[PDB]
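For reference, the structure discussed in these notes is given below.
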Ligand SMILES: [Zn+2]
């Protein structure tokens, strides 16, 4: 729907993706009830990297409808979710550099420099690779 | 009519000093004179109390006395309350004299000997003073017993027994000031608000509004006082249960669209958090989700005159904040999902 350009029904499906991450758990092998995804669809890494992504995909719709407080809240959540994606910090810092840079931005700079792939599946890494912006480290050395 | 004024104001002076602790000068003469005057008031009350210009004239003198004293700054004297308090004025005075500790021994002796000779006058024509203090001590005890072995703090406060009572006292007291026309009832209600325990007070009013008429000029005064002052009405809608305010609405629809306005203002002070499946307040004093769900559930569980109003007031509020049809987004989506 974002490629067909329709903010509403995008922010629908991102929000419904975030409800079936958070009012449900995928790690319920109390009943091995069938044949089931060993590897791809149970990794804590695959879960925190679906979450960061959904909040990014939705926080940029919030920038496009012009509600940049909502956007900030979902971006701030995604850094709380997955501190080793860096796309999250880029989107959050772009929002802060627009509005209220100085102390907030620097506080996250020092965190990135404090910080410094395991088994995420393909469809998902290719999706992350897809959205990520080229001009990312360029922004992080400013 | 004119003869009664100098009698009654002199008795009122003597009543107000009954409470007061100067009692050294008093003697059997003073006591006897007091109770003779009190007999005459009780006499008047019987003779030409009913359906007279005299009654209404004494009520003007009552309320004029009771507003020029006011009950602010100098001395908050209760006084002889109203027209039926003339029928047992004697008792009030005698009770106040017992409560004065500095009441002189000889006066108290003459007093108690005159109130309670004993059973020598078990034959008395007029339902006498002795019998009045007995049937009081009885009622009193009866109350106390019934409170501690019988009394229940009803959950439909519109059917409570103390509330129902305190309510009807305030309504009498507004009816009097209404016919006096001295100061506006607004001033009286404002002085209430200032002075007394507020929490208790408000439940009173709430019950007041649903009491059927007795002579609803009172009810029509309370709606206008409240709507005049939005700040107290904010704590009204805050401080009660849902059912009480639902019935306030179905009865007096001049309140409905201001209270819907309040919720409309409190919901819009919420945010979803994705970790915990809930709206919550920033600040401590902001209605939690469950409180607001209750109150709306109530407005809905109501007559059709209100139900369509509140349903449409939400749907228009939903469209205003994006007509999404999933939660996370619009508080009002949430409510409307929750109510099916
Ligand atoms: Zn799988």
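Residue numbers (the deposited numbering), protein chains in the order written: chain G, 463 to 578, 586 to 611; chain F, 1 to 215, 231 to 355. The C-beta atom is built at its ideal place from N, Cα and C for all residues, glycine as well.
Check: Helix, strand or coil for residue 606/G, going by three-state DSSP, please let me know.; Outcome: helix
Check: Please determine whether the Cβ atom of residue 494/G lies at a distance below 6 Å from any heavy atom of ligand 1.; Outcome: no
Check: Specify, as a first and last residue, the run of the alpha helix (DSSP H) that residue 151/F falls within.; Outcome: It is not in any alpha helix (DSSP H) - residue 151/F carries neither H nor E in the DSSP assignment.
Check: Rounded to a whole number of angstroms, what is the C-alpha to C-alpha distance between residue 586/G and residue 534/G?; Outcome: 26 Å
Check: Output the distance between the C-alpha atoms of residue 513/G and residue 250/F, rounded to the nearest integer angstrom.; Outcome: 41 Å
Check: Assess, as a yes-or-no matter, whether the segment 9 to 19 of chain F is touched by the segment 73 to 80 of chain F under the definition of 3 or more beta carbon pairs within less than 8 Å.; Outcome: yes
Check: Can you confirm whether residue 480/G, when its beta carbon is compared against all beta carbons of chain F, has any partner nearer than 7 Å?; Outcome: yes
Check: Are at least three pairs of beta-carbons, each pair with one atom in the segment 501 to 518 of chain G and one in the segment 531 to 550 of chain G, less than 8 Å apart?; Outcome: yes
Check: So what does residue 286/F bridge to, in DSSP terms?; Outcome: 295/F
Check: Any Cβ of chain F within less than 7 Å of the Cβ of residue 537/G?; Outcome: no
Check: So, is the C-beta of residue 519/G closer than 7 Å to a C-beta in chain F?; Outcome: no
Check: Go ahead and label residue 52/F buried or exposed: buried means 16 or more other beta carbons lie within 10 angstroms of its beta carbon, across all protein chains shown.; Outcome: exposed
Check: Give every residue whose Cβ lies closer than 7 Å to any heavy atom of ligand 1, listed in chain order.; Outcome: 499/G, 502/G and 503/G
Check: For residue 473/G, count the other beta carbons within 10 Å of its own beta carbon; 16 or more makes it buried, fewer makes it exposed. Which is it?; Outcome: buried
Check: Hey, how far is the Cα of residue 128/F from the Cα of residue 90/F?; Outcome: 11 Å
Check: Between residue 540/G and chain F, is the shortest Cβ-Cβ distance under 7 Å, so that the two count as touching?; Outcome: no
Check: I'd like to check one pair, residue 348/F with residue 313/F: are the Cβ atoms closer than 7 Å?; Outcome: no
Check: Along the chain, which unbroken stretches of the alpha helix (DSSP H) at least 4 residues long are found entirely within the segment 22 to 91 of chain F?; Outcome: 28 to 47 and 53 to 69
Check: Which class does residue 354/F belong to by DSSP, given the choice of helix, strand or coil?; Outcome: coil
Check: Please classify residue 121/F as buried or exposed, where buried requires at least 16 neighbouring CB atoms within 10 angstroms.; Outcome: exposed
Check: Look at the Cβ atom of residue 225/F, then the Cβ atom of residue 43/F, and state whether they are nearer than 7 Å.; Outcome: No atoms of residue 225/F appear, because in chain F residue 215 is followed directly by 231.
Check: Starting from residue 330/F, trace the alpha helix (DSSP H) in both directions and tell me its first and last residue.; Outcome: 319 to 335
Check: What are the uninterrupted segments assigned as alpha helix (DSSP H) that are 4 or more residues long and contained completely in the segment 83 to 139 of chain F, given in chain order?; Outcome: 89 to 99 and 105 to 115
Check: What ranges does the alpha helix (DSSP H) occupy inside the segment 506 to 556 of chain G, keeping only unbroken runs of at least 4 residues that lie completely in it?; Outcome: 506 to 527 and 530 to 543
Check: Residue 50/F: beta carbon under 6 Å from a heavy atom of ligand 2?; Outcome: With respect to small molecules bound, the structure shown includes ligand 1 and not ligand 2.
Check: If you draw a straight line from the C-alpha of residue 182/F to the C-alpha of residue 59/F, how long is it?; Outcome: 12 Å
Check: For a test of the three-state rule: what should DSSP assign to residue 165/F, helix, strand or coil?; Outcome: helix
Check: Cutting at 7 Å between CB atoms, please list the residues of its own chain near residue 104/F, excluding the five before and the five after it.; Outcome: 23, 24 and 26
Check: Taking residue 33/F as the reference, give the member of 15/F, 47/F and 50/F with the closest Cα.; Outcome: 15/F
Check: Please confirm whether residue 343/F and residue 527/G have their CB atoms less than 7 Å apart.; Outcome: no
Check: For chain F, is any of its Cβ atoms less than 7 Å away from the one on residue 477/G?; Outcome: yes
Check: Taking the alpha helix (DSSP H) that residue 244/F falls in, what are its first and last residues?; Outcome: Premise fails: residue 244/F is in no alpha helix (DSSP H) and is neither H nor E.
Check: Could you tell me the boundaries of the alpha helix (DSSP H) in which residue 207/F lies?; Outcome: 198 to 208
Check: Short check: CB of residue 207/F to CB of residue 163/F, under 7 Å?; Outcome: yes
Check: Around the Cβ of residue 523/G, are there at least 16 other Cβ atoms within 10 angstroms (buried) or fewer (exposed)?; Outcome: buried
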